[PDB]
Amino acid sequence: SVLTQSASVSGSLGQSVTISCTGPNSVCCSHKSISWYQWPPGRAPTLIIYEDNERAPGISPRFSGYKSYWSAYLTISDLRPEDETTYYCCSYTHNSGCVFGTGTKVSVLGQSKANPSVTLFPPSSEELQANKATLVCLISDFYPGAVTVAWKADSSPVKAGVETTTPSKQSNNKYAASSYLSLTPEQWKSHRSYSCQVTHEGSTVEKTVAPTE
Amino acid sequence: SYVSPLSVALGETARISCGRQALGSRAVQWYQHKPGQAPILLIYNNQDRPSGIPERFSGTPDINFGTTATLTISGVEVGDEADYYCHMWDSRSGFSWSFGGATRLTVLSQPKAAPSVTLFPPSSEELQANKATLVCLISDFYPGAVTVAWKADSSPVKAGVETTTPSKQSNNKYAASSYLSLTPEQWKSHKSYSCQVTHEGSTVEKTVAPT
Amino acid sequence: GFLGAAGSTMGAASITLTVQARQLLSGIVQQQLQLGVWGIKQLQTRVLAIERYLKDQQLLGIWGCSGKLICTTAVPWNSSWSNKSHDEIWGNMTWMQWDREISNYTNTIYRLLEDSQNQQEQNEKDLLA
Amino acid sequence: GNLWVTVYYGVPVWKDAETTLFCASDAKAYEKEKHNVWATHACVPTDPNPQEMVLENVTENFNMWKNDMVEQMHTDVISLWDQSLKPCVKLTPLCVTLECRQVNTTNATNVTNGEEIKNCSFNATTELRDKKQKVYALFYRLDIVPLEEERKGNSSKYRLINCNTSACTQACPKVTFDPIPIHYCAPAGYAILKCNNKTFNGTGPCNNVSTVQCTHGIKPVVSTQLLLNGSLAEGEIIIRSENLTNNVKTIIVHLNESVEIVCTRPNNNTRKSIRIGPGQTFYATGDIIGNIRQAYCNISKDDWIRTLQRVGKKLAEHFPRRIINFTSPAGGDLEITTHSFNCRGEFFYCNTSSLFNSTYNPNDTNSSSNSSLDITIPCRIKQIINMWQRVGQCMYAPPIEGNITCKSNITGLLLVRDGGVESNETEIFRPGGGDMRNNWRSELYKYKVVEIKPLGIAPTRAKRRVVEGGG
Amino acid sequence: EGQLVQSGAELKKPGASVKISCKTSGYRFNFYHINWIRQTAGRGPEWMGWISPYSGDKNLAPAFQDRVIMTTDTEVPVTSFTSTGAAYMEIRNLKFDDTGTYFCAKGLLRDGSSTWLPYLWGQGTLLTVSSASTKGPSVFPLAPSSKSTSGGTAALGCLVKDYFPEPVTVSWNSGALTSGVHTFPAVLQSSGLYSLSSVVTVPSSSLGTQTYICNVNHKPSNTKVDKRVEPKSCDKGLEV
Amino acid sequence: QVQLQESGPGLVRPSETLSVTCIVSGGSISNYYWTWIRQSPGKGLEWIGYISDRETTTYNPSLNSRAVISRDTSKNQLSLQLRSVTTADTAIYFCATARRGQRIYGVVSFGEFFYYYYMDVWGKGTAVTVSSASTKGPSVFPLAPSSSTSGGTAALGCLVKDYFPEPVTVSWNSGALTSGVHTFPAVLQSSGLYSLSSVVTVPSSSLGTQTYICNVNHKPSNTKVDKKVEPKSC
Ligand SMILES: *[C@@H]1O[C@H](CO)[C@@H](O[C@@H]2O[C@H](CO)[C@@H](O[C@@H]3O[C@H](CO[C@H]4O[C@H](CO[C@H]5O[C@H](CO)[C@@H](O)[C@H](O)[C@@H]5O[C@H]5O[C@H](CO)[C@@H](O)[C@H](O)[C@@H]5O)[C@@H](O)[C@H](O[C@H]5O[C@H](CO)[C@@H](O)[C@H](O)[C@@H]5O)[C@@H]4O)[C@@H](O)[C@H](O[C@H]4O[C@H](CO)[C@@H](O)[C@H](O)[C@@H]4O[C@H]4O[C@H](CO)[C@@H](O)[C@H](O)[C@@H]4O[C@H]4O[C@H](CO)[C@@H](O)[C@H](O)[C@@H]4O)[C@@H]3O)[C@H](O)[C@H]2NC(C)=O)[C@H](O)[C@H]1NC(C)=O
Ligand SMILES: *[C@@H]1O[C@H](CO)[C@@H](O[C@@H]2O[C@H](CO)[C@@H](O[C@@H]3O[C@H](CO[C@H]4O[C@H](CO[C@H]5O[C@H](CO)[C@@H](O)[C@H](O)[C@@H]5O)[C@@H](O)[C@H](O[C@H]5O[C@H](CO)[C@@H](O)[C@H](O)[C@@H]5O)[C@@H]4O)[C@@H](O)[C@H](O[C@H]4O[C@H](CO)[C@@H](O)[C@H](O)[C@@H]4O)[C@@H]3O)[C@H](O)[C@H]2NC(C)=O)[C@H](O)[C@H]1NC(C)=O
Ligand SMILES: *[C@@H]1O[C@H](CO)[C@@H](O[C@@H]2O[C@H](CO)[C@@H](O[C@@H]3O[C@H](CO[C@H]4O[C@H](CO)[C@@H](O)[C@H](O[C@H]5O[C@H](CO)[C@@H](O)[C@H](O)[C@@H]5O)[C@@H]4O)[C@@H](O)[C@H](O[C@H]4O[C@H](CO)[C@@H](O)[C@H](O)[C@@H]4O)[C@@H]3O)[C@H](O)[C@H]2NC(C)=O)[C@H](O)[C@H]1NC(C)=O
Ligand SMILES: *[C@@H]1O[C@H](CO)[C@@H](O[C@@H]2O[C@H](CO)[C@@H](O[C@@H]3O[C@H](CO)[C@@H](O)[C@H](O)[C@@H]3O)[C@H](O)[C@H]2NC(C)=O)[C@H](O)[C@H]1NC(C)=O
Ligand SMILES: *[C@@H]1O[C@H](CO)[C@@H](O[C@@H]2O[C@H](CO)[C@@H](O)[C@H](O)[C@H]2NC(C)=O)[C@H](O)[C@H]1NC(C)=O
Ligand SMILES: *[C@@H]1O[C@H](CO)[C@@H](O[C@@H]2O[C@H](CO)[C@@H](O)[C@H](O)[C@H]2NC(C)=O)[C@H](O)[C@H]1NC(C)=O
Ligand SMILES: *[C@@H]1O[C@H](CO)[C@@H](O[C@@H]2O[C@H](CO)[C@@H](O)[C@H](O)[C@H]2NC(C)=O)[C@H](O)[C@H]1NC(C)=O
Ligand SMILES: *[C@@H]1O[C@H](CO)[C@@H](O[C@@H]2O[C@H](CO)[C@@H](O)[C@H](O)[C@H]2NC(C)=O)[C@H](O)[C@H]1NC(C)=O
Ligand SMILES: *[C@@H]1O[C@H](CO)[C@@H](O[C@@H]2O[C@H](CO)[C@@H](O)[C@H](O)[C@H]2NC(C)=O)[C@H](O)[C@H]1NC(C)=O
Ligand SMILES: *[C@@H]1O[C@H](CO)[C@@H](O[C@@H]2O[C@H](CO)[C@@H](O)[C@H](O)[C@H]2NC(C)=O)[C@H](O)[C@H]1NC(C)=O
Ligand SMILES: *[C@@H]1O[C@H](CO)[C@@H](O)[C@H](O)[C@H]1NC(C)=O
Ligand SMILES: *[C@@H]1O[C@H](CO)[C@@H](O)[C@H](O)[C@H]1NC(C)=O
Ligand SMILES: *[C@@H]1O[C@H](CO)[C@@H](O)[C@H](O)[C@H]1NC(C)=O
Ligand SMILES: *[C@@H]1O[C@H](CO)[C@@H](O)[C@H](O)[C@H]1NC(C)=O
Ligand SMILES: *[C@@H]1O[C@H](CO)[C@@H](O)[C@H](O)[C@H]1NC(C)=O
């Protein structure tokens, strides 16, 4: 993507934030138009700005565009919890297609942090007939979106068959993630307790279920 | 009611009309009937004629409705003199039972024939049976217009005369016989008996006498 | 062509407006017959069409838009009528669906059209000139 | 961003309205035979070309069954009928008792019918009022009802069919009934929209749409069961119904290739003019010259059976029912159960039983060439008719001299469902044309009336020089 | 306010071709372009092309100009200003870098300076290019667990383990229960297979009058698993 | 191919059953139609009726009340009977072979076609009289030669006097003599009896003892009288 944006930018809750999007003069905004889209990961994008300044139908006046001869800027006034997502720009003419940008991750600071909701699920009796034994540690409704997961077997760290997912944003503007521990019935039946430890920036929580139990 | 006449010259063409002309599509028949013989159909379907009928006869078809069915005979012969019947069948009138009214054809321009007369006296056996009859036979004359008179020496008999109306024979000529009834005394008495046959202006007379 | 821009956007349709105004009445002067009551419907149509002309000419008469097809007004746009932008009207909607979207009002837009200006203009023309 | 309303006069905006159109038939000349009912003094010559303007990016709703052009063409047909019947001689004095006799026919001996021609004598008025005159005339049996006896084929007493319901008026000898191409044109302030979809159903949105000043050449042909001398459906054979599931209303069939029907009256008739008043010369049927045949119509059995096959398949499309049984109408009214029409003056009533006598299976279950055995149709004739609905008063069709022969191309059907049976057990179809308007719908489906509204109030970023602005 | 529904997710071997669909509704299909834009994990969004259903215009990016063919069918009208259409994008000789999400979008304007601009995007079509064959998922019950003793809320779900490729659609009671449902993203196991879980938080009193059937759909392997969640829990915090 | 031969009584009393027979030779009766036609003096010929090969009778309207026509299966002959006859039924009776005829002028399915008949082959016809008069055998008196014209030929005759009714069949030596024969038409004398004469013109040289014998046959009276002719004597 020759059309480069700012990698990340942040603004306070109730404040505003500016997103830059520029590139070489063969692609930049001297004889081109700029459109802004909100493209959350795993969803379909939504047009918020089209043709430099005018906004898409039904868009609130909080979003605004300002196009210079060398760059384009997107101002998002009155930041909301739903504004914390990725945004993209497109430089286009009347005939040539969209030239997408690198992407900008917008963070909304000054918000209140959330408590992690963790629940550890043991392998069902039907999975032990497969035969596998995968522990399913589920985390949800935590803020911000960064965790550090660790497994334990009989109060000892486990590092085999750990598979953790990156944080994803829930519809409640909170983040969720999941971790899985794949095991064989021997290692399962060879310890007295399995523990999932979710470590955050303000509180570290642990939930334990025994294998024999 | 009765038969309608017609006259056509010898060797010419004869166009014989058909009474009660058709009212629609028709399939007529033309029959030839000579007195005393079997009828023969000249035509059985306007145009068609069976094998054995000469080509001189022809009937008008009904290709266009409105034509009167005429029987055309090219080159009239003496043998064509007969009665002609027109059997009419059409799509308007129903079952046509009765034949058409006869059309008597007469051939004109025929050569005249002098009458051949043969007079025979009463035979010996007839005289022996107490009866007598002079038989004057006229044959091979044309036309069929003769008058028979009888004479005793030179006096007319005028009584007991029976005469046949003439009739055409196989020679296409006419023939007629005349009988004179007499008792044997009347035949034996007079000198000679004579038969006079007046044909046209001529009169042929033959005389016989007892032996 | 006549009605050729009925399915086109309002930007491409507002170009040729003389075409719909020509065949709205144009009974040619010929310069090159009728009888019976059966031939009276024709007459009644003609008159009717003429009225259809001289009614719109009357509206444009009381709106100050007599001689011209396009005309600007002193009546301001009302937000409750439509929430569309310039590119959301003249490059997205035909005159048909647009007239259907405004069809709830128009009568109010007509009362303001003959009242907000020509009722106030003609008052401020005797008091001015 | 400051918007102001602006008026645009001449915006392509229309709305569905029903206004009275007018007639326009192309220039056709004739100096001796004038006074065409559907042409002369009923229409006008049009331009050499009615232009068709294709309307792009337009999809327009059409409805042939709620159309107003049909309801106008119906009343225009009736009104032209009554206008044709106004100045002609009427047959009020023809209500004298009739002494009818049978007509000469040769013995007969399959089974068929026979329109017994009746040779009727009657006392009739002459040019003088006090004096009369007994005259004879040939009348078809269907135009006369008896009073007593009948029974023998001898005399009895008869009465003309109309002489009680309504007095009758003979048709003028100058006027002609031949259907001429009629174009319907819209007045000023309105327009006609034409749907150009080849496989278009009855109603609904139409994609390829144009506008026209006048419709194409539509010949007002009146018929029953079989619609003829019409247009042909391009591509597929079209089925058009207001409502298929509704058992009562008809179904129109538009064909993809027309079929030949040749109708002849083989009676080289004659015309006998008898006076029944001052200047009134009633024309009666003279004696039939030639054979006594009945009128008929030949239809190619191959083309007709193929057409009924394809129509049977198109009916199997809209009906996932069972075997498509085709029959003749139920019975009763003669003008309903017969293919009735006109063939230059004479009004024919055909019995189409040999045509509708087929049945085709969805499984097919279980040929070759058969020369061209034209299915023959025994067609009777009426001289005193009261069709066109009771509004159109009767008229004595004057006898036509000579034999009659007219060709025609049937381009569709007029079928009717039966119902009453178990659904999808067996579907039955019967021909018929109980309504007069359905003959025009089959040619007025591709047209619609619209009313132009040239006022367009639209906001723009521009205001007029308000009052104070000159210098 | 239209509707652009794309075809389901597809798995294809490298070198083969695939044809993605895009059936529309609720708008005049000939009034706006159809845009094709793909998004891969490494390169982000990438506009591929657009096609005009009315005029047949086509504009392809130079990268996809050699191996993408876009077509459109004629619109089937429903009303006077609404119709239904379908677009198709056929891509040939697939490689692993072509794996990703594919979107078709509906144009913003009919006339102007940004007519073709993608405005009404579809739900997306997941295209996976791999040599490994398809593998169906194994669903195992996630027994209820205590979430609130005073509030009486439990969390029960279903585990979708070992499937390939992505994704898998989960519903409850055949879509008749979407409230309070949370589906977690899929993990990438060591063997290369995917695995996710779907949980729901419901009041613990609703056990005899509410049905709990997780409907799992893995259309790539053509397999569906409807599982009745076992309502027997061993958590003592919930039983209080 | 087909030949017919009529045979009848010749005289039937009034108010009786006139029976005439028609003999066939060429073909079977079940192959053709058969008509009967009578021809009376002073009138034309009258078609009285026909019979089909299917034994279906059809009669003339005037004679339908008194005419019966039948056919015989074993012997190739058809019979005609007429009950309650009068002096008006005296006529020459002919039987004829009738072929059918289909005249089509329109559509066959409608009908529009009528059948007609034509009789191509006829018979000689047998003359039948009806009256209260009785039979009468003909008297035969030979007419001796005149011995007539100039040198070369002469005429001899045979007189058939007073008989009833017609006709009388005359031959000479049972058909041995044929050339020069002439049978004149009979006359109806006022007594109610017919009388004919036959003549032959033979050369006067052939009169030694060639002996021309005249054979008279009258079937109604069952008399078959021959007679010899001798020249003059006395
Ligand atoms: C709608 O469809 C309707 C049907 O679906 C249709 O109806 C049709 O109408 C037309 C008219 O409009 C009808 O046409 C008529 O047909 C009649 C019959 O024709 C057939 O038969 C004859 C006779 O054949 C017999 O005789 C010959 C010769 O002896 C034999 O060789 C045969 O084998 C046969 O004999 C058998 O049958 C006998 C009984 O008939 C038995 O007794 C016998 O033992 C045998 O078993 C044939 O010749 C005809 O063939 C001709 O036509 C075909 C084409 O069809 C040609 O290919 C062929 O080459 C021949 O040309 C046919 O097979 C006709 O008779 C009739 O024409 C007469 O009538 C009109 C009107 O009245 C007259 O104007 C016309 O002039 C004809 O009259 C002639 O015939 C009569 C009687 O014979 C004569 O008395 C008369 O003088 C005249 O003679 C003329 O012809 C002579 C030759 O025959 C010639 O020698 C003379 O010199 C003279 O020129 C008419 O054409 C048709 O039948 C209807 N269809 C049906 C199915 O009924 C309707 O029109 C349609 N409507 C439309 C299209 O608008
Ligand atoms: C019915 O509705 C439909 C849909 O609503 C509507 O169609 C729209 O029509 C509008 C016009 O009113 C279109 O908008 C215009 O698009 C113009 C396109 O410019 C050119 O470039 C196109 C892309 O070409 C690229 O790719 C090729 C090959 O890859 C390459 O060679 C090129 O160099 C280029 O890179 C090209 O497809 C297009 O082709 C059209 O024109 C040629 C002739 O030039 C013809 O042969 C084709 O068949 C085709 O018709 C064209 O060549 C664009 O220029 C134009 O911009 C002008 O106007 C704006 C203001 O509007 C100005 O600011 C600007 O400076 C330009 O002057 C405008 O954007 C729109 O794209 C259509 N949409 C759809 C979906 O079809 C119909 O018109 C409606 N019809 C009716 C009767 O109502
Ligand atoms: C469906 O479509 C078919 C096909 O058109 C219709 O069939 C037509 O029927 C009408 C009657 O309803 C016919 O009109 C009448 O025709 C007769 C017959 O004569 C005409 O046709 C002859 C060939 O068939 C032709 O030879 C005649 O004259 C020609 O030559 C002269 C010069 O000698 C020339 O001047 C002509 O122009 C011709 O070239 C003649 O045209 C006719 O007698 C009728 O005449 C009366 O009516 C006309 C009305 O204009 C009037 O002018 C006359 O003075 C007279 O009063 C009349 O023309 C028509 O011919 C048929 N079509 C064809 C091709 O033959 C069918 O009727 C349609 N169905 C329905 C339900 O309507
Ligand atoms: C929508 O309908 C219109 C008219 O009903 C269609 O226009 C027609 O298009 C065809 C070809 O596409 C034209 O045929 C051509 O005519 C010319 C002569 O002008 C001839 O030289 C060619 O060989 C060809 O036959 C036809 O004339 C034309 N109709 C009119 C009135 O001009 C249009 O194509 C339809 N639209 C669609 C998408 O089908
Ligand atoms: C004629 O065909 C049209 C389709 O081209 C039919 O219109 C649709 O019919 C279906 C059922 O067949 C309905 O579900 C739709 O609601 C109809 N759409 C519209 C816009 O009407 C139409 O019904 C057909 N006509 C008849 C009489 O069946
Ligand atoms: C115009 O004609 C086409 C056929 O040429 C019609 O297209 C069909 O429409 C029906 C729905 O009515 C669909 O079921 C068919 O699949 C369509 N066929 C094709 C080939 O697309 C079209 O509907 C017609 N437009 C109308 C009647 O308004
Ligand atoms: C529709 O018509 C067909 C043909 O006329 C009917 O089939 C006939 O059914 C009868 C039974 O009553 C049979 O005797 C005939 O042999 C059938 N015809 C043929 C040609 O096989 C059919 O029954 C009719 N449909 C209904 C519901 O009566
Ligand atoms: C039309 O004609 C047909 C036959 O040509 C008539 O059908 C006949 O009807 C009678 C009694 O209904 C039956 O006895 C016959 O068997 C039928 N004929 C055939 C060939 O099936 C029909 O009745 C006629 N139409 C009218 C109204 O009478
Ligand atoms: C319908 O057409 C069929 C076929 O021609 C007719 O069925 C014939 O009927 C007759 C007696 O009515 C039978 O002897 C035949 O065997 C039948 N089949 C054929 C092939 O001839 C039927 O009569 C017609 N029905 C009508 C005209 O009403
Ligand atoms: C009835 O149909 C026939 C053929 O189906 C029509 O004959 C055509 O006439 C046109 C002239 O208008 C010619 O260009 C065609 O070549 C003719 N067809 C054939 C096969 O030769 C006839 O005109 C139609 N009659 C009408 C519509 O009244
Ligand atoms: C705009 O319309 C509203 C009705 O929704 C009305 O109350 C208001 O007075 C209007 N404003 C103007 C300036 O006409
Ligand atoms: C068709 O008729 C049926 C009943 O006959 C009725 O239920 C249905 O609504 C009708 N449909 C239309 C479109 O009129
Ligand atoms: C329609 O017409 C075409 C061309 O004349 C022909 O090929 C086709 O068979 C017809 N189909 C039907 C169903 O009539
Ligand atoms: C036809 O109708 C019957 C009863 O009305 C029904 O059982 C059958 O399924 C129907 N067939 C169809 C709709 O194809
Ligand atoms: C403008 O176009 C968009 C995209 O096709 C559509 O959603 C909207 O309804 C149109 N009309 C407006 C915004 O008034």
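Residues numbered from 1 in each chain as written, not as in the entry; some residues may be left out. Chains lettered and ligands numbered in written order. Heavy atoms only, no water. Residues with missing side-chain atoms left out of burial classes, pairs and counts.

*Asks:* Give me the overall build of chain E: which residues, what numbers.
*Replies:* Regarding its fold elements, chain E presents zero helices and 21 strands. In terms of principal-axis extent, the alpha carbons of chain E reach across some 70 × 45 × 25 Å. Across the 240 residues that make up chain E, the buried fraction comes to 48%. Of the roughly 10800 Å² of accessible surface on chain E, 50% is carried by carbon and sulfur atoms. Averaging the coordinates of the 22 positive side-chain charges in chain E and doing the same for the 17 negative ones gives two points 4 Å apart. (Helix = DSSP H or I, 4+ residues; strand = E, 2+ residues; numbered from the N terminus. Buried < 20%, exposed > 50% of the residue type's maximum accessible area, 1.4 Å probe, protein only. Areas by Shrake-Rupley, 256 points an atom, 1.4 Å probe, with all protein chains shown as cover. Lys, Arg positive; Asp, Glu negative; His and termini not counted. Charge placed at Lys NZ, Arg CZ, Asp CG, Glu CD.)

*Asks:* Explain the side chain of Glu-346 of chain D to me, using residue names and the numbers behind them.
*Replies:* Tracing the sequence through the fold places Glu-346 of chain D in strand 23 (residues 346-350). Beyond its immediate sequence surroundings of up to four residues, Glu-346 of chain D is in contact with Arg-265, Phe-341, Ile-381, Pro-398, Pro-399, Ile-400 and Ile-404 of chain D. (Contact = heavy atoms within 4.5 Å.)

*Asks:* Kindly report on the interface of chain C and chain D, identifying the contributing residues and their values.
*Replies:* If you look at the interface, chain C gives 59 residues, while chain D gives 47 residues. The junction of chain C with chain D conceals about 5000 Å² of combined surface from both sides, 68% of it contributed by carbon and sulfur atoms. One can count three salt bridges joining chain C with chain D. Where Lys-41 of chain C meets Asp-76 of chain D, a salt bridge forms, and the shortest distance between an N and an O atom there is 3.6 Å. Sorting the residues of the side of chain C that touches chain D by element identifies helix 1 (10-13), helix 2 (18-22), helix 3 (40-62), strand 1 (70-76), helix 4 (95-101) and helix 5 (107-115) of chain C as the ones contributing at least two each. As defined by bridge partners, strand 1 of chain C adjoins strand 1 (residues 4-9) of chain D across four bridges and the pair is classed as antiparallel. Directly across from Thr-72 of chain C, in strand 1 of chain D, lies its bridge partner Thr-6 of chain D. (Buried area = accessible area lost by both parts, 1.4 Å probe. Salt bridge = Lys/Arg side-chain N within 4 Å of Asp/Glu carboxyl O. Pairing = 2+ DSSP bridges.)

*Asks:* Can you break down the site of ligand 13 residue by residue, with the values?
*Replies:* All names here are of chain D. Around ligand 13, the structure places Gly-235, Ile-237, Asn-256, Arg-310 and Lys-314. A distance of 2.4 Å separates an oxygen atom of ligand 13 from a polar atom in the side chain of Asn-256. In the complex, 49% of the free accessible area of ligand 13, which totals 360 Å², lies under the protein chains. Grouping the amino acids of the shell around ligand 13 by side-chain chemistry returns one nonpolar, two polar and two charged. (Near = heavy atom within 4 Å. Polar contact = N/O pair within 3.5 Å; in protein donor to acceptor, adjacent residues only side chain to side chain. Nonpolar A, V, L, I, M, F, W, Y, C, P; charged D, E, K, R; others polar.)

*Asks:* Explain unusual backbone geometry to me, and be specific about the residues and the numbers.
*Replies:* In this model, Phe-164 of chain E is joined to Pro-165 of chain E through a cis peptide bond whose omega is 0°. Mapping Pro-165 of chain E onto the fold places it in the loop between strand 15 (153-163) and strand 16 (169-172). Between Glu-166 of chain F and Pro-167 of chain F the backbone carries a cis peptide bond, its omega angle lying at -5°. Structurally, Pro-167 of chain F can be placed in the loop between strand 13 (154-163) and strand 14 (169-172). One non-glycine residue, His-35 of chain D, adopts positive backbone phi at about 60°.

*Asks:* With reference to specific residues and values, describe a nonpolar patch on the surface.
*Replies:* A surface patch of nonpolar side chains, about 350 Å² in accessible area, is lined by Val-37, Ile-40, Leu-43 and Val-47 of chain C. Counting through the fold element by element, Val-47 of chain C comes out in helix 3. (Patch = residues over 30% accessible without salt bridge, like charges linked within 9 Å, V, L, I, M, F, W, Y side chains within 5 Å.)

*Asks:* Please provide a residue-by-residue account of the domain arrangement of chain E, values included.
*Replies:* Residue and element names in this part refer to chain E. Here chain E is described as being made up of domain 1 (1-131) and domain 2 (132-240). On a C-alpha basis, the centres of domain 1 and domain 2 stand 33 Å from each other. Taken together, the contacts link eight residues of domain 1 with nine residues of domain 2. Around 620 Å² of area is buried between domain 1 and domain 2 when both sides are counted, 64% of it from carbon and sulfur atoms. (Domains from an automatic or database assignment.)

*Asks:* Let's hear about the arrangement of the chains: which residues, and what values?
*Replies:* Here eight pairs of chains are in contact, and chains C and D lead that list by number of contacts. Looking at chain A next to chain F, you find no contact at all, with the nearest C-alpha pair sitting 76 Å apart. Contact between chain C and chain F is absent, and the least distance between their C-alpha atoms amounts to 46 Å.

*Asks:* Break down the pairing of strand 1 (residues 4-7) of chain F for me, with residues and values.
*Replies:* All names here are of chain F. In strand 1, alternate side chains face the same way, and those of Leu-4 and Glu-6 are buried while those of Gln-5 and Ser-7 on the opposite face are not. The pairing of strand 1 with strand 3 (residues 17-24) spans four bridges and is antiparallel. Among the inter-strand pairings, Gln-5 is bridged to a residue of strand 3, identified as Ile-23.

*Asks:* Give me the lowdown on the state of the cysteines, citing residues and values where you can.
*Replies:* Residue and element names in this part refer to chain D. Tallied over the full model, the rule gives 20 disulfides over all chains. Across the disulfide from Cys-95 sits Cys-163; the S-S distance is 2.0 Å. Its S-S torsion of approximately -85° makes the covalent link between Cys-95 and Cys-163 left-handed. For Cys-95, a relative accessible area of 39% translates into the label partly exposed. With its disulfide-bonded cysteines labelled consecutively along the sequence, chain E is connected as 1-2, 3-4. (Disulfide = S-S within 2.5 Å.)

*Asks:* Hey, could you go over the nonpolar core for me, with residue numbers and the actual values?
*Replies:* The tendency in soluble globular proteins is for nonpolar side chains to be buried side by side. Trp-36 and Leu-74 of chain A together with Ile-34, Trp-36, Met-89 and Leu-117 of chain E are the most contacted members of the largest nonpolar core, which has 66 residues in total. Per-element accounting of this core gives the leading share, five residues, to strand 8 (residues 86-92) of chain A. Counting 53 residues, the second-largest nonpolar core is a separate cluster that includes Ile-89 of chain C together with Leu-227, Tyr-445 and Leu-455 of chain D. (Core = buried A, V, L, I, M, F, W, Y, C linked by side-chain atoms within 4.5 Å.)

*Asks:* Which residues make up the environment of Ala-153 of chain A, and what values go with them?
*Replies:* All names here are of chain A. Note that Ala-153 resides in strand 13 (residues 148-153). Given a relative accessible area of 7%, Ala-153 falls into the buried group. Taking the C-alpha atoms as reference points, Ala-153 and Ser-124, 29 residues apart in sequence, are found 18 Å from one another. Beyond its immediate sequence surroundings of up to four residues, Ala-153 is in contact with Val-158, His-191, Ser-193 and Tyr-194.

*Asks:* Tell me about the domain arrangement of chain D, and please be specific about residues and values.
*Replies:* Residues and elements named next belong to chain D. Each assigned domain of chain D is listed with its residue range as follows: domain 1 (13-19 + 47-64 + 185-215 + 446-453), domain 2 (92-164 + 267-293) and domain 3 (222-266 + 294-435). The C-alpha centroid of domain 3 is placed 32 Å from the C-alpha centroid of domain 2. On the domain 3 side, the residues contacting the 21 residues of domain 2 number 19 residues. Summing the contributions of domain 2 and of domain 3, the shared interface buries around 1900 Å²; its carbon and sulfur component is 54%. The tally of links from domain 2 across to domain 3 stands at zero salt bridges. Counting every contact that joins domain 2 to domain 3 gives eight residue pairs in polar contact. Elements with a contribution of two residues or more to the side of domain 2 that touches domain 3: strand 8 (132-140), strand 17 (251-269) and strand 19 (281-285). By residue number, the principal contributor to the side of domain 2 that touches domain 3 is strand 19, which donates four residues.

*Asks:* How would you sum up the pattern of salt bridges? Please name residues and give values.
*Replies:* A complete count under the given rule lists 39 salt bridges over all chains for this structure. With a closest N to O distance of 2.3 Å, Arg-52 of chain C and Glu-451 of chain D form a salt bridge. Within this pair, whereas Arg-52 of chain C is found in helix 3, its partner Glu-451 of chain D is found in strand 30 (residues 448-452), the two belonging to separate chains. For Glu-451 of chain D, a relative accessible area of 16% gives the class buried. Across the salt bridge formed by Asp-120 of chain F and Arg-99 of chain F, the nearest N and O atoms sit 3.0 Å from each other. Taken together, the positions of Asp-120 of chain F in strand 10 (residues 113-122) and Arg-99 of chain F in strand 9 (residues 91-104) put the pair 21 residues apart, joining distant regions of the chain.

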